[PDB]
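Novice: First, the structure itself, so that you have it in front of you.
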Amino acid sequence: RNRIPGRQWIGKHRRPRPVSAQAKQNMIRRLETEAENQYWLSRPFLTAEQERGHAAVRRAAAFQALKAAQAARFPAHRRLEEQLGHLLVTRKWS
Amino acid sequence: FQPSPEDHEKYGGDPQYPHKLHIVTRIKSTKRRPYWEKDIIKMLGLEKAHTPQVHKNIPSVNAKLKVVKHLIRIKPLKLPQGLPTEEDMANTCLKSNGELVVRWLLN
Amino acid sequence: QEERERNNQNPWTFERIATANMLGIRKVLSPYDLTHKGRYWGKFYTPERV
Amino acid sequence: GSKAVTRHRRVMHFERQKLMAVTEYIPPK
Amino acid sequence: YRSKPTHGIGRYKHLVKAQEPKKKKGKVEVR
Amino acid sequence: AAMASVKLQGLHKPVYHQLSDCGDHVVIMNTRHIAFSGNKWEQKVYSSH
Amino acid sequence: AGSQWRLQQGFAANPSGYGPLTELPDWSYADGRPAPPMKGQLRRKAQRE
RNA sequence: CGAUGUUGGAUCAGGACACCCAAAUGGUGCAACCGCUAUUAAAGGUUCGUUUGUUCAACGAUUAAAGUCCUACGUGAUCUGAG
RNA sequence: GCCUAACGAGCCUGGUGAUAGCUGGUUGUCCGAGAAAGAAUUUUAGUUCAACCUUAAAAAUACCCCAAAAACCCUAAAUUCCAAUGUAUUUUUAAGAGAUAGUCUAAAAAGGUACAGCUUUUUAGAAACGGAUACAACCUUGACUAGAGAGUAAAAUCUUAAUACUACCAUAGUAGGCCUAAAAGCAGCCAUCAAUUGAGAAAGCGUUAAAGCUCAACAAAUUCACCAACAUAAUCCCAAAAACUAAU
RNA sequence: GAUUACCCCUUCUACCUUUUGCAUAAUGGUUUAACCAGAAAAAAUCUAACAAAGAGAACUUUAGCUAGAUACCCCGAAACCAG
Ligand SMILES: [K+]
Ligand SMILES: [K+]
Ligand SMILES: [K+]
Ligand SMILES: [K+]
Ligand SMILES: [K+]
Ligand SMILES: [K+]
Ligand SMILES: [K+]
Ligand SMILES: [K+]
Ligand SMILES: [Mg+2]
Ligand SMILES: [Mg+2]
Ligand SMILES: [Mg+2]
Ligand SMILES: [Mg+2]
Ligand SMILES: [Mg+2]
Ligand SMILES: [Mg+2]
Ligand SMILES: [Mg+2]
Ligand SMILES: [Mg+2]
Ligand SMILES: [Mg+2]
Ligand SMILES: [Mg+2]
Ligand SMILES: [Mg+2]
Ligand SMILES: [Mg+2]
Ligand SMILES: [Mg+2]
Ligand SMILES: [Mg+2]
Ligand SMILES: [Mg+2]
Ligand SMILES: [Mg+2]
Ligand SMILES: [Mg+2]
Ligand SMILES: [Mg+2]
Ligand SMILES: [Mg+2]
Ligand SMILES: [Mg+2]
Ligand SMILES: [Mg+2]
Ligand SMILES: [Mg+2]
Ligand SMILES: [Mg+2]
Ligand SMILES: [Mg+2]
Ligand SMILES: [Mg+2]
Ligand SMILES: [Mg+2]
Ligand SMILES: [Mg+2]
Ligand SMILES: [Mg+2]
Ligand SMILES: [Mg+2]
Ligand SMILES: [Mg+2]
Ligand SMILES: [Mg+2]
Ligand SMILES: [Mg+2]
Ligand SMILES: [Mg+2]
Ligand SMILES: [Mg+2]
Ligand SMILES: [Mg+2]
Ligand SMILES: [Mg+2]
Ligand SMILES: [Mg+2]
Ligand SMILES: [Mg+2]
């Protein structure tokens, strides 16, 4: 009898779907968590100056290891066992 | 990011000495969020949700956390028995409340 | 309008949530909502919103 | 889509509606 | 730049008068 | 109806299952003296075609 | 459910998290010699280390 | 657009009420009669002719009244083809 | 018009496998990665470049990025650039095709009716087998296989439907001056004093003008009294129903 | 999915093509058997021979030359010309 013109979720006229009591509680629970999130970030242990290059050898070593692993890309060795192992196809019981 | 004097008592923080290490757990999804928030999640080791990850409390890390502070849960790392030694590396267990127990299920 | 804004017993207000970018709400809000404090929507002004 | 300012009390995004309902004013009791 | 504290250090148009040029059609001793 | 619906389906038996024919008879007496809450005696309408 | 209560008491939210119900071996030989360790338990003790 | 056949009439009508008539009622610059206006009600009813392909409109006669509108501006696997 | 049942120009064979940016079709299993449009074009129904991407290879730096730094009249959200740090990405070389017909939501604007599921650009998002009863675009979500295990996320009926105001009581100068045919508190102008404990040269109605009614002031007496009311559509209304046994 | 039990129960908007988006009331198929649609080696990558030289003449050569392997569809017009 009463229709929502066009699509019911887009356009100038939409569905009057209201906010429920359960939805309000979900927002509050996330807000309480985020209120705690921005408190533990408030007071750093070290200042900006005291952390200047505190861990740079490890960063340099990590990048060097990345170069070393990526530079080892090369075709694998080829051995006689792989080629001579094909003759075992016609192995028989004499 | 200026805490009220009552914030320390509410969250159990220490008014004088800030904590040393973070425990970061992702809650929400990177989908339906801008691309710059996706990269910060990826570069913090928070790819898998509900998996604790430990980060320093230096301002460099805190700069990235503030951008995605609405997608993660941050708790301090407590050490009832102190830092584990090389002898007790394999017996460490991390409880839900945020403390690391060096000796877990002895004998 | 100031006494009703000072004695409000609701911990969360539109000014606090929008400015701090809580819940990633800036994706939904407009840049003008930082100044309007949620009291203005389009040309409509609701004086009862704190 | 409609302009920023309209004449018909432009319907808010559903996420914004929850924001407008959680940031209400509670008079002291 | 706008955000820099040194914004507007080159402002000078408010020091001298406007000095309206004597236009060919608007040339008149408006006293 | 809320408690009568449960008994008819058998949702009170721990052996309940939709495929099984578990079901209990319910006898309701004094149905002329039911008390509709509020003004539902004049507002609620039952329609059929 | 009741994960909030378990978090309050210090246990894991999920009863499968580092509880005594999971770490301990589930089976052992009748004579008494220990059973081979679980594949899952060894993996879980590797990420903790 | 590897087809949703297009005006008007003929037949059959389904529905809404913002009612033309029929029923009840308030107000009036309502004495009565004839009127104007507002509320309530949709079970039934809402004519026959001259000109135009006409819907529309004009005119003759009458009726308690000759209502407004929707229905693929209903209805061509039922008809008509004047336009 | 007609020339053997199709003539805006016959039929048959050959040229003929005519040629189509246009439509339709394109045949086993499994696995890895995976793109929505910038520029010219008888060009926008298509192509050829750039970007992005795939396969292979080489090399060293890529993203995040603090302070400093980027215009002169006024000017928001914010960009550019850059060490640390967090993290493994990026560039170059050699081969390449597809795509180049876009939809909505939020945000900044323009045309329009501050109309469209409308149209033209820029930034961001999405295209669940869950949720919003149904649902491309909104919300929850790191898409493997098996189990008759477990914890959680989005989320299920939305508010008010509001307005009673009732006693008692009226007499002086004086038709105040002016004005007008007549202006007696009551067209207008002007003044606004004054008897009585108490009552305005008048707040409203009324009269052609008067008369008359009522409201302020006496006394009497004392619940409270700002404001908040808004019609209807066409096949048949539309889960059924429920104000309290304990809910972060 | 199951189930002692075929249904009864619960859960699921046919398939291709074409599109921003098709259960769509957009296209095609009654069903069966047989038949019917990716083709080329200039530059390149992979493997091998021999190497300042290679190739069973004619050419290419500042690590190159010779050989192998890896590649680019089907159906359809109205028409045009000659006999
Ligand atoms: K709509
Ligand atoms: K058509
Ligand atoms: K009728
Ligand atoms: K074309
Ligand atoms: K007078
Ligand atoms: K069709
Ligand atoms: K088609
Ligand atoms: K087809
Ligand atoms: Mg619709
Ligand atoms: Mg809505
Ligand atoms: Mg828009
Ligand atoms: Mg058809
Ligand atoms: Mg008819
Ligand atoms: Mg009828
Ligand atoms: Mg009526
Ligand atoms: Mg009547
Ligand atoms: Mg018709
Ligand atoms: Mg017809
Ligand atoms: Mg016929
Ligand atoms: Mg028909
Ligand atoms: Mg004709
Ligand atoms: Mg012929
Ligand atoms: Mg062809
Ligand atoms: Mg284009
Ligand atoms: Mg290209
Ligand atoms: Mg800077
Ligand atoms: Mg840099
Ligand atoms: Mg194109
Ligand atoms: Mg578009
Ligand atoms: Mg559009
Ligand atoms: Mg369009
Ligand atoms: Mg975009
Ligand atoms: Mg669903
Ligand atoms: Mg998974
Ligand atoms: Mg009185
Ligand atoms: Mg009416
Ligand atoms: Mg029903
Ligand atoms: Mg569908
Ligand atoms: Mg289309
Ligand atoms: Mg396409
Ligand atoms: Mg079909
Ligand atoms: Mg078609
Ligand atoms: Mg067919
Ligand atoms: Mg070649
Ligand atoms: Mg020619
Ligand atoms: Mg010829």
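Letters A, B, ... go to the chains of the structure tokens in the order shown; residues in each chain start at 1; ligands are counted from 1 in the same order.
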Residues at most 8 Å from ligand 15, using only C-alpha atoms (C1' of nucleotides) and all ligand atoms? Could they come as a PyMOL selection string?
Specialist: chain H and resi 17-19+40-41
Novice: Just want the 9 Å neighbourhood of residue 29 (chain C), counted on only C-alpha atoms (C1' of nucleotides), with same-chain residues fewer than 2 positions away dropped. Output as a PDB file with N, CA, C and O atoms (P, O5', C5', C4', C3', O3' and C1' of nucleotides), in the first residue's frame.
Specialist:
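The result, written out as selection10.pdb:
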ATOM      1  N   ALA C  18      34.502  14.182  16.832  1.00  0.00           N
ATOM      2  CA  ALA C  18      34.875  14.624  15.492  1.00  0.00           C
ATOM      3  C   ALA C  18      36.320  15.108  15.444  1.00  0.00           C
ATOM      4  O   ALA C  18      37.075  14.741  14.537  1.00  0.00           O
ATOM      5  N   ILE C  25      35.496   8.345  12.177  1.00  0.00           N
ATOM      6  CA  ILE C  25      34.256   9.018  11.810  1.00  0.00           C
ATOM      7  C   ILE C  25      34.467  10.137  10.803  1.00  0.00           C
ATOM      8  O   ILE C  25      33.490  10.647  10.246  1.00  0.00           O
ATOM      9  N   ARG C  26      35.715  10.532  10.547  1.00  0.00           N
ATOM     10  CA  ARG C  26      35.968  11.598   9.585  1.00  0.00           C
ATOM     11  C   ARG C  26      35.605  11.196   8.162  1.00  0.00           C
ATOM     12  O   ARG C  26      35.407  12.075   7.317  1.00  0.00           O
ATOM     13  N   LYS C  27      35.513   9.896   7.876  1.00  0.00           N
ATOM     14  CA  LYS C  27      35.107   9.465   6.543  1.00  0.00           C
ATOM     15  C   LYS C  27      33.649   9.804   6.267  1.00  0.00           C
ATOM     16  O   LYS C  27      33.272  10.027   5.111  1.00  0.00           O
ATOM     17  N   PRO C  31      34.185  18.279   6.323  1.00  0.00           N
ATOM     18  CA  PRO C  31      35.201  19.127   6.968  1.00  0.00           C
ATOM     19  C   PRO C  31      34.616  20.315   7.710  1.00  0.00           C
ATOM     20  O   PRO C  31      35.246  20.815   8.651  1.00  0.00           O
ATOM     21  N   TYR C  32      33.432  20.788   7.319  1.00  0.00           N
ATOM     22  CA  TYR C  32      32.789  21.883   8.035  1.00  0.00           C
ATOM     23  C   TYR C  32      32.196  21.446   9.365  1.00  0.00           C
ATOM     24  O   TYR C  32      31.907  22.301  10.208  1.00  0.00           O
ATOM     25  N   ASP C  33      32.007  20.142   9.573  1.00  0.00           N
ATOM     26  CA  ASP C  33      31.457  19.662  10.834  1.00  0.00           C
ATOM     27  C   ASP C  33      32.413  19.862  12.002  1.00  0.00           C
ATOM     28  O   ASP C  33      31.985  19.768  13.155  1.00  0.00           O
ATOM     29  N   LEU C  34      33.694  20.121  11.733  1.00  0.00           N
ATOM     30  CA  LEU C  34      34.621  20.432  12.815  1.00  0.00           C
ATOM     31  C   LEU C  34      34.250  21.741  13.499  1.00  0.00           C
ATOM     32  O   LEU C  34      34.334  21.853  14.727  1.00  0.00           O
TER      33      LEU C  34
ATOM     34  N   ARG D  16      26.355   8.170  10.545  1.00  0.00           N
ATOM     35  CA  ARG D  16      26.207   9.478  11.171  1.00  0.00           C
ATOM     36  C   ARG D  16      24.993   9.530  12.090  1.00  0.00           C
ATOM     37  O   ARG D  16      25.027  10.221  13.115  1.00  0.00           O
TER      38      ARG D  16
ATOM     39  P     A I 106      25.271   9.760   0.510  1.00  0.00           P
ATOM     40  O5'   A I 106      26.645  10.174   1.197  1.00  0.00           O
ATOM     41  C5'   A I 106      26.861   9.937   2.580  1.00  0.00           C
ATOM     42  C4'   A I 106      28.275  10.261   2.988  1.00  0.00           C
ATOM     43  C3'   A I 106      28.789  11.636   2.602  1.00  0.00           C
ATOM     44  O3'   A I 106      28.340  12.665   3.464  1.00  0.00           O
ATOM     45  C1'   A I 106      30.412  10.021   2.059  1.00  0.00           C
ATOM     46  P     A I 107      28.084  14.143   2.885  1.00  0.00           P
ATOM     47  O5'   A I 107      29.542  14.675   2.532  1.00  0.00           O
ATOM     48  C5'   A I 107      30.510  14.870   3.552  1.00  0.00           C
ATOM     49  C4'   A I 107      31.838  15.298   2.982  1.00  0.00           C
ATOM     50  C3'   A I 107      31.807  16.488   2.040  1.00  0.00           C
ATOM     51  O3'   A I 107      31.736  17.728   2.718  1.00  0.00           O
ATOM     52  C1'   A I 107      33.142  14.780   1.107  1.00  0.00           C
TER      53        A I 107
END
Novice: Give me, as an mmCIF file with C-alpha atoms, in the first residue's frame, all polymer residues having an atom no more than 9 Å from residue 38 (chain C), counting only C-alpha atoms (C1' of nucleotides) and skipping those fewer than 2 positions away in the same chain.
Specialist:
data_model
loop_
_atom_site.group_PDB
_atom_site.id
_atom_site.type_symbol
_atom_site.label_atom_id
_atom_site.label_comp_id
_atom_site.auth_asym_id
_atom_site.auth_seq_id
_atom_site.Cartn_x
_atom_site.Cartn_y
_atom_site.Cartn_z
ATOM 1 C CA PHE C 14 30.090 15.602 18.965
ATOM 2 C CA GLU C 15 32.972 18.037 19.496
ATOM 3 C CA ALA C 18 34.875 14.624 15.492
ATOM 4 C CA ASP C 33 31.457 19.662 10.834
ATOM 5 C CA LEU C 34 34.621 20.432 12.815
ATOM 6 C CA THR C 35 33.464 24.034 13.285
ATOM 7 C CA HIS C 36 29.701 23.417 13.318
ATOM 8 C CA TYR C 40 24.264 22.631 11.876
ATOM 9 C CA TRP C 41 23.148 20.242 9.127
ATOM 10 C CA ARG C 49 21.933 19.599 20.190
ATOM 11 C CA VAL C 50 24.911 19.952 22.525
ATOM 12 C CA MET D 20 23.892 11.845 16.438
#
Novice: Residues contacting ligand 18 - anything with an atom at most 12 Å away, using only C-alpha atoms (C1' of nucleotides) and all ligand atoms - can you give me those as a list in words?
Specialist: residues 5, 6, 7, 8, 9, 10, 74, 75, 76, 78, 79, 80 and 81 of chain H
Novice: Can you list, as a PyMOL selection string, every residue of chain C that DSSP puts in strand (DSSP E or B)?
Specialist: chain C and resi 40-41+44-45
Novice: Please dump the current selection as a compact mmCIF listing (two decimals), in the first residue's frame; keep N, CA and C atoms.
Specialist:
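Below is the file that was written, result_34.txt:
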# COMPACT_ATOMS: atom_id res chain seq x y z
N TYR C 40 24.74 22.16 13.17
CA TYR C 40 24.26 22.63 11.88
C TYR C 40 24.33 21.49 10.87
N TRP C 41 23.22 21.26 10.17
CA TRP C 41 23.15 20.24 9.13
C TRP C 41 22.46 20.87 7.92
N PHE C 44 19.76 23.82 8.17
CA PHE C 44 18.93 23.64 9.35
C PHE C 44 19.78 23.74 10.60
N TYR C 45 19.30 24.50 11.58
CA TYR C 45 19.99 24.70 12.86
C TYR C 45 19.10 24.16 13.97
Novice: Once you count only C-alpha atoms, which residues of chain C turn out to be within 7 Å of chain B? Could you give them as a PyMOL selection string?
Specialist: chain C and resi 22-24
Novice: Any residue with an atom at most 9 Å from ligand 7 counts, using only C-alpha atoms (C1' of nucleotides) and all ligand atoms. Which are they? Put them as a list in words.
Specialist: residues 2 of chain H; 23 of chain I; 17, 18, 26 and 27 of chain J
Novice: Write the selection just made, keeping N, CA, C and O atoms (P, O5', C5', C4', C3', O3' and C1' of nucleotides), as a PDB file, in the first residue's frame?
Specialist:
ATOM      1  P     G H   2      16.313  -6.260 -32.230  1.00  0.00           P
ATOM      2  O5'   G H   2      15.796  -7.660 -32.786  1.00  0.00           O
ATOM      3  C5'   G H   2      14.875  -8.443 -32.042  1.00  0.00           C
ATOM      4  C4'   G H   2      14.836  -9.864 -32.542  1.00  0.00           C
ATOM      5  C3'   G H   2      14.511 -10.926 -31.503  1.00  0.00           C
ATOM      6  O3'   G H   2      13.117 -11.072 -31.297  1.00  0.00           O
ATOM      7  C1'   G H   2      16.403 -11.592 -32.762  1.00  0.00           C
TER       8        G H   2
ATOM      9  P     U I  23      28.773  -5.721 -31.615  1.00  0.00           P
ATOM     10  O5'   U I  23      27.849  -6.986 -31.896  1.00  0.00           O
ATOM     11  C5'   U I  23      26.453  -6.927 -31.654  1.00  0.00           C
ATOM     12  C4'   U I  23      25.743  -8.171 -32.124  1.00  0.00           C
ATOM     13  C3'   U I  23      26.215  -9.486 -31.529  1.00  0.00           C
ATOM     14  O3'   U I  23      25.686  -9.720 -30.237  1.00  0.00           O
ATOM     15  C1'   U I  23      25.922  -9.720 -33.867  1.00  0.00           C
TER      16        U I  23
ATOM     17  P     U J  17      29.616 -16.887 -21.192  1.00  0.00           P
ATOM     18  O5'   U J  17      28.980 -15.903 -22.269  1.00  0.00           O
ATOM     19  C5'   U J  17      29.053 -16.204 -23.654  1.00  0.00           C
ATOM     20  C4'   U J  17      27.992 -15.476 -24.439  1.00  0.00           C
ATOM     21  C3'   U J  17      28.031 -13.960 -24.378  1.00  0.00           C
ATOM     22  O3'   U J  17      28.995 -13.397 -25.248  1.00  0.00           O
ATOM     23  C1'   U J  17      25.813 -14.704 -24.058  1.00  0.00           C
ATOM     24  P     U J  18      29.905 -12.169 -24.757  1.00  0.00           P
ATOM     25  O5'   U J  18      28.863 -10.993 -24.510  1.00  0.00           O
ATOM     26  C5'   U J  18      28.128 -10.439 -25.589  1.00  0.00           C
ATOM     27  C4'   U J  18      27.075  -9.471 -25.111  1.00  0.00           C
ATOM     28  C3'   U J  18      27.557  -8.325 -24.238  1.00  0.00           C
ATOM     29  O3'   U J  18      28.152  -7.274 -24.977  1.00  0.00           O
ATOM     30  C1'   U J  18      25.614  -9.273 -23.291  1.00  0.00           C
ATOM     31  P     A J  26      12.917  -7.977 -19.469  1.00  0.00           P
ATOM     32  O5'   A J  26      13.794  -8.992 -20.325  1.00  0.00           O
ATOM     33  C5'   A J  26      13.458  -9.297 -21.669  1.00  0.00           C
ATOM     34  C4'   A J  26      14.632  -9.078 -22.587  1.00  0.00           C
ATOM     35  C3'   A J  26      15.140 -10.303 -23.329  1.00  0.00           C
ATOM     36  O3'   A J  26      14.383 -10.590 -24.492  1.00  0.00           O
ATOM     37  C1'   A J  26      16.965  -9.144 -22.376  1.00  0.00           C
ATOM     38  P     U J  27      14.251 -12.099 -25.021  1.00  0.00           P
ATOM     39  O5'   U J  27      15.688 -12.423 -25.620  1.00  0.00           O
ATOM     40  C5'   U J  27      16.189 -11.712 -26.740  1.00  0.00           C
ATOM     41  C4'   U J  27      17.518 -12.265 -27.184  1.00  0.00           C
ATOM     42  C3'   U J  27      17.552 -13.762 -27.435  1.00  0.00           C
ATOM     43  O3'   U J  27      17.054 -14.113 -28.713  1.00  0.00           O
ATOM     44  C1'   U J  27      19.417 -13.134 -26.121  1.00  0.00           C
TER      45        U J  27
END
Novice: Check chain B with DSSP on the backbone and list each residue it calls helix (DSSP H, G or I), as a ChimeraX atom specification.
Specialist: /B:5-11,35-43,59-67,89-91
Novice: Keeping C-alpha atoms for every residue in the selection just given, could you write it to a file as a JSON list (two decimals), in the first residue's frame?
Specialist:
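Resulting contents of again.json:
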[["chain", "number", "residue", "atom", "x", "y", "z"],
["B", 5, "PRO", "CA", 45.16, 13.42, 36.57],
["B", 6, "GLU", "CA", 42.26, 10.97, 36.99],
["B", 7, "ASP", "CA", 43.18, 9.03, 33.83],
["B", 8, "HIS", "CA", 46.15, 7.34, 35.53],
["B", 9, "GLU", "CA", 43.96, 5.95, 38.32],
["B", 10, "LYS", "CA", 41.21, 4.85, 35.92],
["B", 11, "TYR", "CA", 43.42, 2.89, 33.50],
["B", 35, "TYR", "CA", 44.64, 3.03, 1.52],
["B", 36, "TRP", "CA", 47.03, 4.85, 3.85],
["B", 37, "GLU", "CA", 45.47, 3.06, 6.82],
["B", 38, "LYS", "CA", 45.94, -0.29, 5.05],
["B", 39, "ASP", "CA", 49.68, 0.27, 4.61],
["B", 40, "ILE", "CA", 50.19, 1.22, 8.27],
["B", 41, "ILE", "CA", 48.46, -2.00, 9.37],
["B", 42, "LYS", "CA", 50.64, -4.02, 6.98],
["B", 43, "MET", "CA", 53.91, -2.42, 8.11],
["B", 59, "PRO", "CA", 57.58, 8.33, 19.34],
["B", 60, "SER", "CA", 58.39, 6.90, 15.90],
["B", 61, "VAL", "CA", 56.10, 3.91, 16.46],
["B", 62, "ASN", "CA", 53.50, 6.02, 18.28],
["B", 63, "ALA", "CA", 53.31, 8.31, 15.24],
["B", 64, "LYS", "CA", 51.99, 5.43, 13.13],
["B", 65, "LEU", "CA", 49.68, 4.05, 15.83],
["B", 66, "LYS", "CA", 47.80, 7.35, 16.17],
["B", 67, "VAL", "CA", 46.63, 7.09, 12.55],
["B", 89, "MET", "CA", 62.79, -18.91, 26.35],
["B", 90, "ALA", "CA", 60.67, -21.96, 25.50],
["B", 91, "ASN", "CA", 58.44, -21.74, 28.60]]
Novice: As a list in words, please: the residues near region 48-59 of chain J (cut-off 12 Å, only C-alpha atoms (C1' of nucleotides), same-chain neighbours under 6 positions excluded).
Specialist: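 So the residues in contact are residues 65, 66, 67, 68 and 69 of chain J.
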Novice: For the residues in the current selection, export N, CA and C atoms (P, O5', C5', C4', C3', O3' and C1' of nucleotides) as a PDB file, in the first residue's frame.
Specialist:
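For reference, selection.pdb as written:
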ATOM      1  P     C J  65      75.716 -13.000 -34.235  1.00  0.00           P
ATOM      2  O5'   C J  65      76.422 -14.086 -35.158  1.00  0.00           O
ATOM      3  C5'   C J  65      75.653 -14.911 -36.016  1.00  0.00           C
ATOM      4  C4'   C J  65      76.294 -16.260 -36.204  1.00  0.00           C
ATOM      5  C3'   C J  65      75.337 -17.417 -36.437  1.00  0.00           C
ATOM      6  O3'   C J  65      74.916 -17.518 -37.785  1.00  0.00           O
ATOM      7  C1'   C J  65      76.910 -18.018 -34.783  1.00  0.00           C
ATOM      8  P     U J  66      73.391 -17.882 -38.129  1.00  0.00           P
ATOM      9  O5'   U J  66      73.313 -19.454 -37.894  1.00  0.00           O
ATOM     10  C5'   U J  66      74.031 -20.345 -38.732  1.00  0.00           C
ATOM     11  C4'   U J  66      74.023 -21.751 -38.190  1.00  0.00           C
ATOM     12  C3'   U J  66      72.667 -22.322 -37.817  1.00  0.00           C
ATOM     13  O3'   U J  66      71.921 -22.775 -38.932  1.00  0.00           O
ATOM     14  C1'   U J  66      74.213 -22.785 -36.099  1.00  0.00           C
ATOM     15  P     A J  67      70.317 -22.700 -38.904  1.00  0.00           P
ATOM     16  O5'   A J  67      69.895 -23.859 -37.897  1.00  0.00           O
ATOM     17  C5'   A J  67      70.117 -25.221 -38.228  1.00  0.00           C
ATOM     18  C4'   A J  67      69.767 -26.141 -37.086  1.00  0.00           C
ATOM     19  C3'   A J  67      68.418 -25.915 -36.428  1.00  0.00           C
ATOM     20  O3'   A J  67      67.340 -26.464 -37.164  1.00  0.00           O
ATOM     21  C1'   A J  67      70.065 -26.185 -34.764  1.00  0.00           C
ATOM     22  P     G J  68      65.859 -25.865 -36.993  1.00  0.00           P
ATOM     23  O5'   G J  68      65.344 -26.504 -35.629  1.00  0.00           O
ATOM     24  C5'   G J  68      65.281 -27.912 -35.468  1.00  0.00           C
ATOM     25  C4'   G J  68      65.063 -28.295 -34.027  1.00  0.00           C
ATOM     26  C3'   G J  68      63.807 -27.742 -33.375  1.00  0.00           C
ATOM     27  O3'   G J  68      62.645 -28.484 -33.696  1.00  0.00           O
ATOM     28  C1'   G J  68      65.644 -27.391 -31.944  1.00  0.00           C
ATOM     29  P     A J  69      61.258 -27.726 -33.975  1.00  0.00           P
ATOM     30  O5'   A J  69      60.766 -27.291 -32.524  1.00  0.00           O
ATOM     31  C5'   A J  69      60.503 -28.270 -31.532  1.00  0.00           C
ATOM     32  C4'   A J  69      60.286 -27.647 -30.177  1.00  0.00           C
ATOM     33  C3'   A J  69      59.294 -26.499 -30.114  1.00  0.00           C
ATOM     34  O3'   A J  69      57.945 -26.929 -30.103  1.00  0.00           O
ATOM     35  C1'   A J  69      61.236 -25.920 -28.912  1.00  0.00           C
TER      36        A J  69
END
Novice: Only residues of chain E matter here; which ones have an atom within 7 Å of chain I, counting only C-alpha atoms (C1' of nucleotides)? Give them as a VMD selection string.
Specialist: chain E and resid 1 10 to 11
Novice: So that I can see what lies close to residue 22 (chain D), please list as a list in words the residues with an atom at most 9 Å from it, counting only C-alpha atoms (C1' of nucleotides) and leaving out residues fewer than 6 positions away in the same chain.
Specialist: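 Counting only the stated atoms, we get residues 24, 25, 27 and 28 of chain A; 10, 12, 13 and 14 of chain C.
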